[PDB]
Number of protein chains: 2
Amino acid sequence: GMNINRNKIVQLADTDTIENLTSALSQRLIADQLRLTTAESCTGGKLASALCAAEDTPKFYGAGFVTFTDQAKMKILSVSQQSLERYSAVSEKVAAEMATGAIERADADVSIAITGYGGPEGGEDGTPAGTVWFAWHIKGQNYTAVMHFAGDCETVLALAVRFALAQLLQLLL
Amino acid sequence: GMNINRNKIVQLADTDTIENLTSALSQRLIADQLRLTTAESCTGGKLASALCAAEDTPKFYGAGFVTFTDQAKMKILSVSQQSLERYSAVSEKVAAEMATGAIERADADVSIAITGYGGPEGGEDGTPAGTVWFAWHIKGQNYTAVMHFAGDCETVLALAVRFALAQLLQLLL
Ligand SMILES: [Cl-]
């Protein structure tokens with residue numbers, strides 16, 4: 001029996017700054033004695049940077065992976081070649097595998113994965129620019145969400161980082 | 001004999017901006033058919049993000065590591081615990097092992113590693129804030145240098161990223 005009270009796509013508010021989100025997230029994971037790891041592609045390391053700028057980072061976060069290419073996803077995060085060929089790197093399946101691959105490599109408890117098209121170009125399969133797939137691993141369970149962000153590449157990547165954090169907060173309720 | 005010209009330590013200039021250095025590095029690495037990987041700590045993923053912002057990132061860069069803790073440095077990049085106990089995480093020996101460890105995990109040709117004190121705190125062994133150790137791996141050979149940047153943490157981190165990139169370029173000439 002699946003309870004769906006927490007399945008809300010968070011709507012980012014101006015109060016959901018990187019600073020405020022990592023404030024809430026850091027103290028929550030420290031309180032829960034949980035260790036976070038991250039895997040990202042299009043955001044390039046900016047999610048990791050958000051967490052490394054948080055307070056008391058070493059008490060909950062150590063390992064961040066940036067895997068910009070198909071080969072890096074396959075080698076570092078054990079994303080399967082078959083899944084990339086079937087679905088492309090910007091896909092629900094690959095995001096989920098990046099989240100479980102980071103868990104494995106880092107020996108962590110919680111993870112966040114981001115893979116998307118920052119823009120101006122979209123996918124060869126027609127996936128429009130601004131589409132970003134996300135995945136989170138929490139308590140042995142995996143979650144995914146897709147978003148379609150408006151604006152240029154700088155604006156899309158900044159929203160993806162904030163969304164990745166804010167939605168983990170939602171899933172931790 | 002070792003030639004000082006070819007192995008000189010660079011000095012940052014105002015024209016050495018991130019876009020100009022990554023553009024110069026991208027052309028040079030693609031021309032040489034070499035693959036780059038990075039390992040960073042205090043810079044938090046800003047080095048990787050600078051490389052993922054450059055043009056044709058997939059042709060020369062795939063895998064970036066953020067290892068913010070001792071546990072991450074040991075688990076992800078095979079930094080030895082004894083080197084951490086002996087020299088601390090902000091040291092020449094740990095920087096060098098982060099560079100070689102990244103080469104191995106990524107199966108890359110070239111690597112940069114950064115570990116340091118962005119500030120305001122230094123090391124509790126007297127190592128002042130602003131000290132950053134660097135390592136570069138090229139063609140089997142490892143190079144190191146320590147830097148003492150002035151300014152606040154944001155200023156120190158941006159200087160480190162520029163110097164890491166600038167020095168890689170000169171070693172590649
Ligand atoms: Cl913000």
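Chain naming here is simple, since letters A, B, ... match the order of the sequence lines and numbering starts at 1 in each.
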Mind ranking A/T67, A/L157, A/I76 by heavy-atom pairs under 4.5 Å with chain B and telling me who comes out on top?
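Heavy-atom pairs under 4.5 Å are most numerous for A/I76.
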Residue among A/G45, A/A72, A/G64 with most heavy-atom pairs under 4.5 Å to chain B
A/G64
Is any side-chain heavy atom of A/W136 closer than 4.5 Å to one of A/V110?
no
Between A/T131 and A/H148, do the side chains contain a donor N or O and an acceptor N or O under 3.5 Å apart?
yes
Other residues, nucleotides and ligands only: do more than 12 of their heavy atoms fall within 6.0 Å of CD on B/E154?
no
For a quick test of reading the model, state the closest non-hydrogen atom pair linking A/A106 to A/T37 and the distance between them.
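Closest heavy-atom pair between A/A106 and A/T37: CB-OG1, 3.6 Å.
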Measuring heavy-atom distances to chain B, does A/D70 have an atom under 4.5 Å in its side chain, in its backbone, in both, or in neither?
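It is neither, since no heavy atom gets under 4.5 Å.
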